[PDB]
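Single-structure report; data block below.
No Cβ is skipped: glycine too gets one built from the backbone with ideal geometry, and neighbour counts run over all protein chains shown. Just so it is clear, none of the values below were taken in a lab; they were calculated from the coordinates.
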Amino acid sequence: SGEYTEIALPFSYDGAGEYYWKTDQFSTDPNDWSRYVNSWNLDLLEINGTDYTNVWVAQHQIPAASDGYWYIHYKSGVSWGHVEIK
């Protein structure tokens, strides 16, 4: 199903583009405040089919998928659009 490319942390992309990636590397640990995630310029950002583009989130806040992965969607909107996943 889909087209999920595998990505390793810390990761980043830039410029407008629609994408879908997968990772097995989120920290589960509530003291790992340095392993956080943020965006704003992106038009749409989702984990496992549910949106988080409006906010920051910590990797230890995000529940895993049915197989134990995290799957991450991204979308085009602006030519200077940045992101980073810690």
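For residue 55 and residue 24, compute 0.36 nm times the residue count separating them, minus their Cα-Cα distance, and round to one decimal in nm.
On the way: separation 31, 0.36 × 31 = 11.16 nm, distance 2.18 nm.
The span from residue 55 to residue 24 would gain 9.0 nm if fully extended.
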> Not counting the cut sites, what is the longest span of the chain without GluC sites (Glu not before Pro) that DSSP labels loop and that have at most 15 other Cβ atoms within 10 Å?
Replying inline: 19-86
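Quick one: length gained pulling residue 66 to residue 5 fully straight, 0.36 nm per residue minus the C-alpha distance?
Values: separation 61, 0.36 × 61 = 21.96 nm, distance 1.78 nm.
Computed gain between residue 66 and residue 5 is 20.2 nm.
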> Where does the stretch 36-86 land on the Kirkwood hydrodynamic radius, alpha-carbon pairs, in angstrom?
Replying inline: 11.5
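Which chymotrypsin sites (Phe, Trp or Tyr not before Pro) from the stretch 41-79 combine a DSSP loop assignment with at most 12 other Cβ atoms within 10 Å?
Qualifying residues, ordered by number: 56.
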> So what does the Cα-only Debye profile of the stretch 1-42 read at q = 0.25, 0.27 Å⁻¹, as log10 I(q)/I(0), no solvent term?
Replying inline: -1.10, -1.16
>> Report the Cα-based extents of the chain along its three principal axes, largest first, to the nearest Å.
In response: 35, 31, 20
>> Can you tell me the length gained on complete extension of the stretch residue 44 to residue 12, counting 0.36 nm per residue apart and subtracting the Cα distance?
In response: 10.0 nm
